[PDB]
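This report refers to the structure that appears directly beneath it.
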Protein chains: 2
Amino acid sequence: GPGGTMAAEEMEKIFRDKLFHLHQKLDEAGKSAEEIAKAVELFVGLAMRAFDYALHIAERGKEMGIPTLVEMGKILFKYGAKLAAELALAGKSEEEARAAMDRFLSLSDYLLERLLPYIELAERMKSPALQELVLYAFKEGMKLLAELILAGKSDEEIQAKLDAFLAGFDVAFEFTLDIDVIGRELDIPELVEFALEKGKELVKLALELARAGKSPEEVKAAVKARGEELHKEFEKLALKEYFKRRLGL
Amino acid sequence: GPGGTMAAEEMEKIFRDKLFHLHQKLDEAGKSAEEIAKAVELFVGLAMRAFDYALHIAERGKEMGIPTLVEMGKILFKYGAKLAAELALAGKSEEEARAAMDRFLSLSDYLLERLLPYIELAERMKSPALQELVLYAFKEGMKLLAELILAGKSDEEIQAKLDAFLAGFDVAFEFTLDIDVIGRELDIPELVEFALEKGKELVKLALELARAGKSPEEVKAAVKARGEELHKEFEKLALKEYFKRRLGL
Ligand SMILES: [Zn+2]
Ligand SMILES: [Zn+2]
Ligand SMILES: [Zn+2]
Ligand SMILES: [Zn+2]
């Protein structure tokens with residue numbers, strides 16, 4: 001639109017894109033005109049609520065000193081619009097779609113509350129890598145939450161899976177922070193890149209374990225083992241880069 | 001004249017115009033004074049009945065919340081006055097002209113009852129394009145009905161033709177609604193204009209097929225094929241407009 005916010009324009013673009021591709025999918029599926037109209041109106045109804053909630057999150061982030069909350073609200077709206085598109089495409093009635101959207105928003109708030117301290121710690125140390133890791137973890141959690149809500153699961157199983165995912169993310173965050181501090185102090189960008197990449201890998205492993213139904217302890221143990229292997233790789237890379245710098249290479 | 005209502009003034013103007021041009025046509029044809037007088041009185045007698053019928057229909061529409069019924073009553077009066085003018089020009093006696101006017105009024109009521117649910121559905125979705133489509137369909141139906149009544153056809157062939165025309169109009173309405181919903185939700189007026197234009201084209205095709213004497217199934221099939229072609233054209237236009245909007249063009 002002509003007059004809006006820097007975060008509202010991106011969400012409007014996402015909404016238009018999702019609406020266009022939802023119409024494309026409905027046309028491909030070969031539905032009647034009234035069914036297409038019902039699906040479009042249902043999608044607009046759900047996406048309006050998702051837009052309101054994400055805009056509230058982004059505004060709350062803008063009021064305080066956390067630029068990460070704006071990006072995380074954008075991620076939330078993207079995945080809420082995605083969930084709304086699948087809800088409209090599946091032919092769910094209005095009541096079930098509204099209930100599913102409410103549960104999705106509540107569980108996204110749960111993940112928000114659990115992830116805020118990591119954002120504060122990352123922004124205290126001025127580490128872009130840690131902020132990117134938190135963004136990636138939120139994105140993966142949103143993916144898992146949307147898939148679980150689509151599959152029709154209870155609010156307790158989803159919370160347990162989120163708890164296991166956060167248990168894994170704690171270890172991933174510790175690994176990334178440990179590598180990134182020494183990478184920034186020694187002035188070697190390769191170490192920071194390695195930290196970010198291997199932290200993303202650890203977050204992916206934690207999410208995959210959480211989806212499989214493992215308890216938080218199992219996720220913690222497996223992520224710790226993978227982090228130990230990646231730490232050996234980091235030791236090798238750090239030695240190589242340090243001796244590249246030391247010899248003038 | 002003075003006073004009256006908003007809808008009766010336009011009907012009075014139509015009546016005066018038709019009377020004036022009927023007198024011009026009678027003078028051009030070179031008829032005797034008594035023949036001109038009898039044609040004029042016959043036309044006035046038929047047009048008064050048409051005026052009363054259309055005024056009722058318009059009043060019934062105004063009492064409810066359907067502005068479309070007023071416009072369709074005006075359309076009915078216009079074509080009833082046209083039929084009366086042709087009947088007076090042909091020199092038919094009062095009995096045959098009165099019977100023909102009666103049959104025309106009954107068949108216009110038949111078409112009105114068949115078209116009412118589409119008006120209700122269009123008003124429920126608040127779609128000006130669908131209301132315009134219904135108005136156009138009623139206008140074409142009145143044209144065909146006047147032509148058939150002038151041609152001297154029974155009250156069975158006319159009903160069969162009307163059913164075929166309505167069978168085509170169902171597909172035309174579905175196509176127009178399908179395009180119009182997505183055009184309105186994405187806020188692209190070109191899509192709504194395309195919907196209206198191609199729905200009018202489909203209605204014209206359905207009327208042409210009904211005039212030729214085809215069964216409703218053949219009309220349905222042909223209108224469906226033409227709608228598929230127009231749907232491919234709509235897909236092209238929608239992609240072009242969406243990429244114009246997305247790129248800021
Ligand atoms: Zn709000
Ligand atoms: Zn370390
Ligand atoms: Zn009367
Ligand atoms: Zn379509």
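The way I read the labels, and the way they are meant: chains A, B, ... in the order of the structure tokens, residue 1 as the first residue of every chain, and ligand 1 as the first ligand shown, with later ones counted on from there.
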Go through chain A residue by residue and, counting only C-alpha atoms and all ligand atoms, keep those with an atom at most 8 Å from ligand 2; for each kept residue give the shortest atom pair and its distance in Å to one decimal, ordered by chain and increasing number, as JSON lines.
```
{"residue": "A:175", "atom": "CA", "partner": "ligand 2", "partner_atom_place_in_ligand_line": "1 (Zn)", "distance": 7.1}
{"residue": "A:178", "atom": "CA", "partner": "ligand 2", "partner_atom_place_in_ligand_line": "1 (Zn)", "distance": 4.6}
{"residue": "A:179", "atom": "CA", "partner": "ligand 2", "partner_atom_place_in_ligand_line": "1 (Zn)", "distance": 4.9}
{"residue": "A:182", "atom": "CA", "partner": "ligand 2", "partner_atom_place_in_ligand_line": "1 (Zn)", "distance": 7.4}
{"residue": "A:231", "atom": "CA", "partner": "ligand 2", "partner_atom_place_in_ligand_line": "1 (Zn)", "distance": 7.0}
```
Write out as an mmCIF file with C-alpha atoms, in the first residue's frame each polymer residue (protein, DNA or RNA) that has an atom no more than 10 Å from ligand 4, with only C-alpha atoms and all ligand atoms counted.
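Everything below was put into part.cif:
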```cif
data_model
loop_
_atom_site.group_PDB
_atom_site.id
_atom_site.type_symbol
_atom_site.label_atom_id
_atom_site.label_comp_id
_atom_site.auth_asym_id
_atom_site.auth_seq_id
_atom_site.Cartn_x
_atom_site.Cartn_y
_atom_site.Cartn_z
ATOM 1 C CA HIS A 23 -5.859 -19.504 -6.234
ATOM 2 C CA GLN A 24 -3.454 -21.275 -8.599
ATOM 3 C CA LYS A 25 -3.554 -24.452 -6.490
ATOM 4 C CA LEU A 26 -7.352 -24.332 -6.222
ATOM 5 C CA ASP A 27 -7.601 -23.977 -10.003
ATOM 6 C CA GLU A 28 -5.208 -26.903 -10.484
ATOM 7 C CA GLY A 30 -10.333 -28.569 -10.261
ATOM 8 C CA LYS A 31 -12.899 -27.177 -7.825
ATOM 9 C CA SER A 32 -16.220 -25.447 -8.374
ATOM 10 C CA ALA A 33 -16.501 -21.663 -8.287
ATOM 11 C CA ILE A 36 -12.989 -21.542 -4.627
ATOM 12 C CA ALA A 37 -14.815 -18.524 -3.190
ATOM 13 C CA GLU B 174 -19.934 -19.490 -12.324
ATOM 14 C CA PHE B 175 -17.019 -18.384 -14.521
ATOM 15 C CA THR B 176 -17.623 -14.701 -13.775
ATOM 16 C CA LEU B 177 -17.910 -15.293 -10.018
ATOM 17 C CA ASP B 178 -14.751 -17.424 -9.970
ATOM 18 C CA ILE B 179 -12.723 -14.690 -11.663
ATOM 19 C CA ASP B 180 -14.357 -11.802 -9.791
ATOM 20 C CA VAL B 181 -13.704 -13.142 -6.279
ATOM 21 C CA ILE B 182 -9.953 -13.439 -6.846
ATOM 22 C CA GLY B 183 -9.889 -10.126 -8.714
ATOM 23 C CA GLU B 228 -12.100 -22.953 -20.479
ATOM 24 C CA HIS B 231 -9.938 -19.142 -18.343
ATOM 25 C CA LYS B 232 -6.591 -19.757 -20.035
ATOM 26 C CA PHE B 234 -7.484 -15.077 -17.642
ATOM 27 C CA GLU B 235 -4.522 -17.058 -16.313
ATOM 28 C CA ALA B 238 -3.612 -12.520 -14.035
#
```
B:92, B:18, B:49, B:224 ranked by distance to ligand 3, top pick (using only C-alpha atoms and all ligand atoms):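 The shortest atom-to-atom distance to ligand 3 comes from B:49.
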Can you list, as a PDB file with N, CA and C atoms, in the first residue's frame, every protein, DNA or RNA residue that comes within 12 Å of residue 112 (chain A) when you count only C-alpha atoms, leaving out same-chain residues fewer than 2 positions away?
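Saved the output as selection.pdb:
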```pdb
ATOM      1  N   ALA A  54       1.242 -11.009  14.063  1.00  0.00           N
ATOM      2  CA  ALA A  54       2.628 -10.759  13.682  1.00  0.00           C
ATOM      3  C   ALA A  54       2.965  -9.275  13.735  1.00  0.00           C
ATOM      4  N   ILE A  57       3.611  -8.374  17.278  1.00  0.00           N
ATOM      5  CA  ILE A  57       4.945  -8.807  17.697  1.00  0.00           C
ATOM      6  C   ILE A  57       6.017  -7.862  17.160  1.00  0.00           C
ATOM      7  N   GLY A  61       8.583  -5.465  19.265  1.00  0.00           N
ATOM      8  CA  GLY A  61      10.024  -5.473  19.077  1.00  0.00           C
ATOM      9  C   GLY A  61      10.580  -4.101  18.748  1.00  0.00           C
ATOM     10  N   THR A  68      15.582  -8.076  16.402  1.00  0.00           N
ATOM     11  CA  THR A  68      15.342  -9.468  16.040  1.00  0.00           C
ATOM     12  C   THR A  68      13.856  -9.808  16.072  1.00  0.00           C
ATOM     13  N   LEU A  69      13.097  -9.170  16.967  1.00  0.00           N
ATOM     14  CA  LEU A  69      11.676  -9.473  17.087  1.00  0.00           C
ATOM     15  C   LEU A  69      10.904  -9.084  15.833  1.00  0.00           C
ATOM     16  N   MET A  72      11.433 -11.912  13.481  1.00  0.00           N
ATOM     17  CA  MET A  72      10.745 -13.095  13.977  1.00  0.00           C
ATOM     18  C   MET A  72       9.232 -12.973  13.819  1.00  0.00           C
ATOM     19  N   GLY A  73       8.689 -11.759  13.922  1.00  0.00           N
ATOM     20  CA  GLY A  73       7.293 -11.550  13.574  1.00  0.00           C
ATOM     21  C   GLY A  73       7.022 -11.775  12.098  1.00  0.00           C
ATOM     22  N   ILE A  75       8.692 -13.884  10.203  1.00  0.00           N
ATOM     23  CA  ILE A  75       8.710 -15.342  10.070  1.00  0.00           C
ATOM     24  C   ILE A  75       7.384 -15.933  10.533  1.00  0.00           C
ATOM     25  N   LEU A  76       6.878 -15.445  11.668  1.00  0.00           N
ATOM     26  CA  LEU A  76       5.604 -15.929  12.182  1.00  0.00           C
ATOM     27  C   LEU A  76       4.483 -15.705  11.182  1.00  0.00           C
ATOM     28  N   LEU A 105      -1.262 -19.769  17.045  1.00  0.00           N
ATOM     29  CA  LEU A 105      -0.792 -18.512  17.622  1.00  0.00           C
ATOM     30  C   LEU A 105      -0.351 -18.695  19.070  1.00  0.00           C
ATOM     31  N   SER A 106      -1.108 -19.471  19.849  1.00  0.00           N
ATOM     32  CA  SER A 106      -0.736 -19.697  21.243  1.00  0.00           C
ATOM     33  C   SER A 106       0.604 -20.419  21.354  1.00  0.00           C
ATOM     34  N   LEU A 107       0.808 -21.460  20.546  1.00  0.00           N
ATOM     35  CA  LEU A 107       2.061 -22.202  20.634  1.00  0.00           C
ATOM     36  C   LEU A 107       3.232 -21.399  20.080  1.00  0.00           C
ATOM     37  N   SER A 108       2.982 -20.531  19.096  1.00  0.00           N
ATOM     38  CA  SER A 108       4.028 -19.620  18.649  1.00  0.00           C
ATOM     39  C   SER A 108       4.418 -18.655  19.759  1.00  0.00           C
ATOM     40  N   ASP A 109       3.437 -18.186  20.535  1.00  0.00           N
ATOM     41  CA  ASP A 109       3.750 -17.353  21.694  1.00  0.00           C
ATOM     42  C   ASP A 109       4.578 -18.124  22.715  1.00  0.00           C
ATOM     43  N   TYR A 110       4.259 -19.404  22.909  1.00  0.00           N
ATOM     44  CA  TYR A 110       5.046 -20.251  23.803  1.00  0.00           C
ATOM     45  C   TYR A 110       6.508 -20.309  23.360  1.00  0.00           C
ATOM     46  N   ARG A 114       9.976 -18.864  25.206  1.00  0.00           N
ATOM     47  CA  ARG A 114      11.147 -19.687  25.493  1.00  0.00           C
ATOM     48  C   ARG A 114      12.396 -19.190  24.770  1.00  0.00           C
ATOM     49  N   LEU A 115      12.241 -18.482  23.651  1.00  0.00           N
ATOM     50  CA  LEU A 115      13.399 -18.042  22.879  1.00  0.00           C
ATOM     51  C   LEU A 115      13.875 -16.634  23.216  1.00  0.00           C
ATOM     52  N   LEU A 116      13.074 -15.839  23.924  1.00  0.00           N
ATOM     53  CA  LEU A 116      13.489 -14.468  24.231  1.00  0.00           C
ATOM     54  C   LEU A 116      14.809 -14.352  25.000  1.00  0.00           C
ATOM     55  N   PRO A 117      15.076 -15.139  26.056  1.00  0.00           N
ATOM     56  CA  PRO A 117      16.362 -14.979  26.761  1.00  0.00           C
ATOM     57  C   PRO A 117      17.576 -15.180  25.872  1.00  0.00           C
ATOM     58  N   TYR A 118      17.496 -16.096  24.906  1.00  0.00           N
ATOM     59  CA  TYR A 118      18.607 -16.286  23.981  1.00  0.00           C
ATOM     60  C   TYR A 118      18.816 -15.051  23.119  1.00  0.00           C
ATOM     61  N   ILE A 119      17.728 -14.389  22.721  1.00  0.00           N
ATOM     62  CA  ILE A 119      17.854 -13.142  21.972  1.00  0.00           C
ATOM     63  C   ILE A 119      18.545 -12.084  22.818  1.00  0.00           C
ATOM     64  N   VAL A 134      19.398 -17.853  16.352  1.00  0.00           N
ATOM     65  CA  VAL A 134      18.085 -17.755  16.986  1.00  0.00           C
ATOM     66  C   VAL A 134      16.990 -17.631  15.932  1.00  0.00           C
ATOM     67  N   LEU A 135      17.243 -16.844  14.884  1.00  0.00           N
ATOM     68  CA  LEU A 135      16.281 -16.726  13.791  1.00  0.00           C
ATOM     69  C   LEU A 135      16.034 -18.076  13.128  1.00  0.00           C
ATOM     70  N   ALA A 137      16.469 -21.070  14.457  1.00  0.00           N
ATOM     71  CA  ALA A 137      15.744 -21.926  15.387  1.00  0.00           C
ATOM     72  C   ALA A 137      14.262 -21.585  15.407  1.00  0.00           C
ATOM     73  N   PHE A 138      13.931 -20.292  15.391  1.00  0.00           N
ATOM     74  CA  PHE A 138      12.527 -19.901  15.338  1.00  0.00           C
ATOM     75  C   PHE A 138      11.874 -20.371  14.045  1.00  0.00           C
ATOM     76  N   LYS A 139      12.589 -20.267  12.923  1.00  0.00           N
ATOM     77  CA  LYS A 139      12.039 -20.726  11.649  1.00  0.00           C
ATOM     78  C   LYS A 139      11.749 -22.223  11.678  1.00  0.00           C
ATOM     79  N   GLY A 141      11.258 -24.108  14.359  1.00  0.00           N
ATOM     80  CA  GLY A 141      10.151 -24.333  15.271  1.00  0.00           C
ATOM     81  C   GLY A 141       8.811 -23.998  14.647  1.00  0.00           C
ATOM     82  N   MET A 142       8.761 -22.923  13.858  1.00  0.00           N
ATOM     83  CA  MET A 142       7.530 -22.575  13.157  1.00  0.00           C
ATOM     84  C   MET A 142       7.155 -23.643  12.141  1.00  0.00           C
ATOM     85  N   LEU A 162       8.200 -29.289  21.286  1.00  0.00           N
ATOM     86  CA  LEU A 162       8.878 -28.001  21.376  1.00  0.00           C
ATOM     87  C   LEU A 162       9.894 -27.993  22.511  1.00  0.00           C
ATOM     88  N   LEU A 166      13.860 -27.302  22.055  1.00  0.00           N
ATOM     89  CA  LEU A 166      14.580 -26.273  22.798  1.00  0.00           C
ATOM     90  C   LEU A 166      15.727 -26.863  23.609  1.00  0.00           C
TER      91      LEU A 166
END
```
Spatial neighbours of region 196-208 of chain A, 6 Å, only C-alpha atoms, chain gap at least 3 places, as a list in words: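 The filter keeps residues 129, 165, 168, 169, 172, 176, 193 and 211 of chain A.
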Within 12 Å of ligand 3, which residues show up when you count only C-alpha atoms and all ligand atoms? List them as a PDB file with N, CA and C atoms, in the first residue's frame, please.
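Full text of result-v9.pdb as output:
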```pdb
ATOM      1  N   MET B  48     -49.884   0.542 -21.841  1.00  0.00           N
ATOM      2  CA  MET B  48     -50.387   0.791 -20.493  1.00  0.00           C
ATOM      3  C   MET B  48     -50.291  -0.461 -19.630  1.00  0.00           C
ATOM      4  N   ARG B  49     -50.657  -1.615 -20.193  1.00  0.00           N
ATOM      5  CA  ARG B  49     -50.531  -2.875 -19.466  1.00  0.00           C
ATOM      6  C   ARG B  49     -49.073  -3.188 -19.155  1.00  0.00           C
ATOM      7  N   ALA B  50     -48.188  -2.990 -20.136  1.00  0.00           N
ATOM      8  CA  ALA B  50     -46.765  -3.220 -19.891  1.00  0.00           C
ATOM      9  C   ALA B  50     -46.237  -2.292 -18.801  1.00  0.00           C
ATOM     10  N   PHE B  51     -46.665  -1.028 -18.824  1.00  0.00           N
ATOM     11  CA  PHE B  51     -46.259  -0.058 -17.815  1.00  0.00           C
ATOM     12  C   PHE B  51     -46.723  -0.478 -16.430  1.00  0.00           C
ATOM     13  N   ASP B  52     -47.977  -0.920 -16.313  1.00  0.00           N
ATOM     14  CA  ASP B  52     -48.485  -1.355 -15.016  1.00  0.00           C
ATOM     15  C   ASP B  52     -47.703  -2.555 -14.495  1.00  0.00           C
ATOM     16  N   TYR B  53     -47.418  -3.520 -15.372  1.00  0.00           N
ATOM     17  CA  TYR B  53     -46.688  -4.712 -14.951  1.00  0.00           C
ATOM     18  C   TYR B  53     -45.276  -4.360 -14.484  1.00  0.00           C
ATOM     19  N   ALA B  54     -44.573  -3.530 -15.258  1.00  0.00           N
ATOM     20  CA  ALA B  54     -43.217  -3.143 -14.892  1.00  0.00           C
ATOM     21  C   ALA B  54     -43.200  -2.297 -13.626  1.00  0.00           C
ATOM     22  N   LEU B  55     -44.197  -1.429 -13.450  1.00  0.00           N
ATOM     23  CA  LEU B  55     -44.276  -0.637 -12.230  1.00  0.00           C
ATOM     24  C   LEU B  55     -44.504  -1.525 -11.017  1.00  0.00           C
ATOM     25  N   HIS B  56     -45.283  -2.567 -11.144  1.00  0.00           N
ATOM     26  CA  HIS B  56     -45.431  -3.456 -10.031  1.00  0.00           C
ATOM     27  C   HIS B  56     -44.113  -4.063  -9.733  1.00  0.00           C
ATOM     28  N   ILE B  57     -43.467  -4.636 -10.734  1.00  0.00           N
ATOM     29  CA  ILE B  57     -42.206  -5.328 -10.470  1.00  0.00           C
ATOM     30  C   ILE B  57     -41.205  -4.393  -9.797  1.00  0.00           C
ATOM     31  N   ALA B  58     -41.115  -3.151 -10.279  1.00  0.00           N
ATOM     32  CA  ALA B  58     -40.192  -2.188  -9.688  1.00  0.00           C
ATOM     33  C   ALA B  58     -40.575  -1.859  -8.250  1.00  0.00           C
ATOM     34  N   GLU B  59     -41.874  -1.718  -7.975  1.00  0.00           N
ATOM     35  CA  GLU B  59     -42.318  -1.456  -6.610  1.00  0.00           C
ATOM     36  C   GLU B  59     -42.015  -2.636  -5.695  1.00  0.00           C
TER      37      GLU B  59
END
```
query: Hey, can you check how far CA of residue 155 (chain B) sits from CA of residue 77 (chain B)?
result: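 Separation between CA of residue 155 (chain B) and CA of residue 77 (chain B): 20.5 Å.
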message: I need the residue nearest chain A from this list: B:167, B:83, B:88, B:186. Use only C-alpha atoms for the distance.
response: B:186
field: Spatial neighbours of residue 127 (chain B), 10 Å, only C-alpha atoms, chain gap at least 3 places, as a PyMOL selection string
entry: chain B and resi 121-124+130-132+177+180-181+184+192
Restricting the output to C-alpha atoms, write the selected residues as a PDB file, in the first residue's frame.
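What ended up in part08.pdb:
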```
ATOM      1  CA  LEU B 121     -26.398 -14.794  -4.604  1.00  0.00           C
ATOM      2  CA  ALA B 122     -24.830 -11.755  -6.288  1.00  0.00           C
ATOM      3  CA  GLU B 123     -26.163  -9.406  -3.610  1.00  0.00           C
ATOM      4  CA  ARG B 124     -24.903 -11.717  -0.855  1.00  0.00           C
ATOM      5  CA  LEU B 130     -22.381 -10.249 -11.001  1.00  0.00           C
ATOM      6  CA  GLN B 131     -25.319  -7.834 -10.790  1.00  0.00           C
ATOM      7  CA  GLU B 132     -24.331  -6.372 -14.165  1.00  0.00           C
ATOM      8  CA  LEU B 177     -17.910 -15.293 -10.018  1.00  0.00           C
ATOM      9  CA  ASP B 180     -14.357 -11.802  -9.791  1.00  0.00           C
ATOM     10  CA  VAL B 181     -13.704 -13.142  -6.279  1.00  0.00           C
ATOM     11  CA  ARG B 184     -11.489  -8.324  -5.777  1.00  0.00           C
ATOM     12  CA  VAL B 192     -12.873  -7.701 -12.568  1.00  0.00           C
TER      13      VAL B 192
END
```
CA of residue 113 (chain A) to CA of residue 158 (chain A), distance in Å rounded to a single decimal: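 Taking CA of residue 113 (chain A) and CA of residue 158 (chain A), their separation equals 15.3 Å.
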message: With only C-alpha atoms as the counted atoms, please give the residues lying no more than 9 Å from residue 91 (chain B), apart from itself and same-chain residues fewer than 6 positions off, as a ChimeraX atom specification.
response: /B:35,38-39
field: Computed interatomic separation between CA of residue 152 (chain A) and CA of residue 81 (chain A) (Å)
entry: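 Separating CA of residue 152 (chain A) from CA of residue 81 (chain A) is a distance of 17.5 Å.
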query: region 214-218 of chain B: which residues within 7 Å, counting only C-alpha atoms, same-chain residues fewer than 3 positions away excluded, as a ChimeraX atom specification?
result: /B:163-164,167,209-210,221-222
Selection export as a PDB file, in the first residue's frame, atoms kept: N, CA, C and O atoms:
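Printed below is out-v5.pdb as written:
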```
ATOM      1  N   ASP B 163     -35.001 -22.272 -21.078  1.00  0.00           N
ATOM      2  CA  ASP B 163     -34.247 -23.223 -20.266  1.00  0.00           C
ATOM      3  C   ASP B 163     -32.834 -23.426 -20.802  1.00  0.00           C
ATOM      4  O   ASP B 163     -31.878 -23.505 -20.024  1.00  0.00           O
ATOM      5  N   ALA B 164     -32.679 -23.517 -22.125  1.00  0.00           N
ATOM      6  CA  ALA B 164     -31.334 -23.637 -22.688  1.00  0.00           C
ATOM      7  C   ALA B 164     -30.492 -22.402 -22.378  1.00  0.00           C
ATOM      8  O   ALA B 164     -29.309 -22.512 -22.011  1.00  0.00           O
ATOM      9  N   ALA B 167     -29.430 -22.536 -18.833  1.00  0.00           N
ATOM     10  CA  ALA B 167     -28.378 -23.534 -18.671  1.00  0.00           C
ATOM     11  C   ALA B 167     -27.020 -22.959 -19.047  1.00  0.00           C
ATOM     12  O   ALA B 167     -26.020 -23.212 -18.365  1.00  0.00           O
ATOM     13  N   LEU B 209     -26.705 -19.854 -28.953  1.00  0.00           N
ATOM     14  CA  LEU B 209     -26.961 -21.289 -29.027  1.00  0.00           C
ATOM     15  C   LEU B 209     -28.427 -21.605 -28.759  1.00  0.00           C
ATOM     16  O   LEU B 209     -29.014 -22.464 -29.428  1.00  0.00           O
ATOM     17  N   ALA B 210     -29.032 -20.929 -27.780  1.00  0.00           N
ATOM     18  CA  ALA B 210     -30.436 -21.172 -27.467  1.00  0.00           C
ATOM     19  C   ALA B 210     -31.339 -20.769 -28.625  1.00  0.00           C
ATOM     20  O   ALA B 210     -32.352 -21.428 -28.890  1.00  0.00           O
ATOM     21  N   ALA B 221     -22.321 -27.593 -22.693  1.00  0.00           N
ATOM     22  CA  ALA B 221     -21.011 -28.068 -23.130  1.00  0.00           C
ATOM     23  C   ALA B 221     -20.248 -26.984 -23.887  1.00  0.00           C
ATOM     24  O   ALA B 221     -19.053 -26.760 -23.642  1.00  0.00           O
ATOM     25  N   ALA B 222     -20.924 -26.302 -24.816  1.00  0.00           N
ATOM     26  CA  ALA B 222     -20.249 -25.277 -25.607  1.00  0.00           C
ATOM     27  C   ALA B 222     -19.807 -24.104 -24.741  1.00  0.00           C
ATOM     28  O   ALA B 222     -18.686 -23.595 -24.893  1.00  0.00           O
TER      29      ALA B 222
END
```
query: Nearest to residue 71 (chain B) among B:22, B:47, B:111, B:8, with distances taken over only C-alpha atoms: which residue is it?
result: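 Closest to residue 71 (chain B) of all the choices is B:8.
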